[PDB]
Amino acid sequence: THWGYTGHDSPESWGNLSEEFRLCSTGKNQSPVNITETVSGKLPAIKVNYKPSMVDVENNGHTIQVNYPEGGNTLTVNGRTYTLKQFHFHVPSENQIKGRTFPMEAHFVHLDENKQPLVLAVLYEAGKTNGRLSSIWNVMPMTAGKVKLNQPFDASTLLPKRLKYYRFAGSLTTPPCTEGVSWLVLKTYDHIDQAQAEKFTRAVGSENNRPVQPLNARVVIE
């Protein structure tokens, strides 16, 4: 079933597009969120074990995704190890800090060995060109499709050395809006060109951020 960010199948209507998408409207622990008030807590430190891999670059209609057909890129937090599957982008950002929307956001999507999902998010301010992303931007499929990149890509370069994060629980930001997703949002921001942002939008065909959702019961730790 088709869905999107504009027109008549937009995010406020995702719930009634089918029965399997119904948590997009009835869920109480949904992403993204406006992080406004937090609780200052002793969060467990992130350990990134990312290395170069032979990735491919896909345009799936809704985003530009970079898929990892093997394990090997992991991140460890609080004892559990999480395998990176794919990372991808929203322009503009989905999550907000104090009502601030950033020109782009990245989502590094993982499963531990229980299939318990974790999203690690990087936020992009407007700034100089992103040298480390230009490898992906060059081959970026400008319609639905897939290119195997034939030079190794290193996702370690897309994460900061300073790894403080905001921690909450949430959902996918795309249908079926499944819950049980751990959200870690990094505090140190990366940077993108105005042109890299336009180009993404040109490829994907729209602004691909879901509107922010109520926190309800949820507390955000920082």
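In case it trips you up, residue 1 is the first one in the sequence shown, and so on. Take the two forms, find the largest set of C-alpha atoms that superpose within 1.5 Å, and that set is the rigid core.
Taking the rigid core as the alignment reference, the C-alpha atoms of 143-151 lie farther on average from the displayed form in 7 other deposited structures of this protein than those of the other stretch among 119-127 and 143-151.
If you average the C-alpha B-factors over 86-94 and over 125-133, the higher value belongs to 125-133.
Looking at 29-37 and 188-196 together, the entry lists the larger mean B-factor for 188-196, computed on C-alpha atoms.
Based on the entry's C-alpha B-factors, the most elevated value among 104, 118, 75, 147 belongs to 147. When the CA B factors of the chain's modelled residues are split into thirds, the value for residue 213 lands in the lowest one. Among the modelled residues of the chain, residue 57 sits in the highest third by CA temperature factor in this PDB entry. Residue 160: CA B factor lies in the highest third for its chain, per the PDB record.
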